[PDB]
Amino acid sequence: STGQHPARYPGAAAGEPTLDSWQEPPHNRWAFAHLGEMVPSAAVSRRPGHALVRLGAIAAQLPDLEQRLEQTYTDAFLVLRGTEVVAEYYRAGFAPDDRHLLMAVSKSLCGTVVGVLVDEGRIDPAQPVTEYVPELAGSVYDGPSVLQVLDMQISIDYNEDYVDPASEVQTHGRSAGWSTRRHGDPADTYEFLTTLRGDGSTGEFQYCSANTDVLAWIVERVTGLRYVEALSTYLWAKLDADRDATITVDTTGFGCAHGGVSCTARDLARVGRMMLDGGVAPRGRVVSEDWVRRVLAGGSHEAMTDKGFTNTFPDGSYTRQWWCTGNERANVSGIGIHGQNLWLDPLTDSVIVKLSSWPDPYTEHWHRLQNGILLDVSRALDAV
């Protein structure tokens, strides 16, 4: 068993409703107001073919930028310098206020929610995961600290290969409802997480999407809120965002913390703005100055042995669900496959959002091009 989880609605039985029960009482009072959480659904637009190009005062320094964005399958691109939007691009067919899947940029949002609860003293990063989720006893998460989950420093038998059909990340996806279930698959994400094993070693970076969903599980046990609600209460609702975000949910209503958030480019930039404002958002403080400082400082360099990342960023690292380049600008970024970045450039007090759809989840080729653009744009923002 995976223990207590936040009910889908007040008074709901465990795991209710399902796809087969949402029409029945008492579930239907909730379900009729939230049907998209149960059944795939399309928007019917209240509004009645060409790219929107407003690259502003970086266009002069980067004359070929639009072509570079097209070449990296850019859907939305936005540069926020201070509080001002100084450059924007949206491909034909993608509206400025359309939402876009964040993939693992989602992780950086989850880490932020954890940070809030650390500030409140409700989570102690030094404590074992099992202090908050006892039911992970006997799994690879039995022993490691919450900080080691935050920093992805746990050795896990989990192949995070995004193309291999046999990998654990595929099984993770089926458990999350991202793909069709196979016979024998875990019922939900919680169950899937309890199946994970490892050799027991910690301290070396291993990127694993399971870690983030463990963090969200911790958030749920500490707050009693569905992760979907926690993400709103502790982060999204404080941003004064233009639109709601969305997040995929599995059959229990558990939001896919590791990869399933969608939002507008402009609203994602508000998260970066909060980070560069020492953790304060328009409607109140989100996380502490100390938490932000620790994110910007980076993780242990020794732990970071991922040659892909370090080939580009020799002094790079990872902490608290953020990638830290350790470059001369000390850039830090949320990163998702197929070209998603929430990129922070503290030197110029700027945030760059790039949301894309590369044909491949991740290759050195796309990595090189994507980071080349983000660095060139950052530098174009420097005083001259």
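Note that residue numbering begins at 1 and tracks the sequence as displayed.
Unmodelled residues of the deposited sequence between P48 and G49: 4 to 9. Stretches 224-232 and 127-135 differ in mean CA B factor, with 127-135 having the higher one. Per the PDB record, of the two stretches 302-310 and 241-249, 302-310 carries the greater mean B-factor over its C-alpha atoms. When the C-alpha B-factors of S106, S145, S167, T189 are read from the PDB record, the largest value belongs to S167. Among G279, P282, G272, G259, the highest C-alpha B-factor in the deposited entry belongs to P282. The deposited CA B-factor of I156 belongs to the middle third of values across its chain. Placement of the Cα temperature factor of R181 within the chain: highest third of the modelled residues, per the deposited record. Annotation for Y89: CA B-factor lies in the middle third of the chain's modelled residues. Among all modelled residues in this chain, the alpha-carbon of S333 has a temperature factor (C-alpha) in the lowest third. When the modelled residues of the chain are ordered by their C-alpha B factor, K354 lands in the lowest third.
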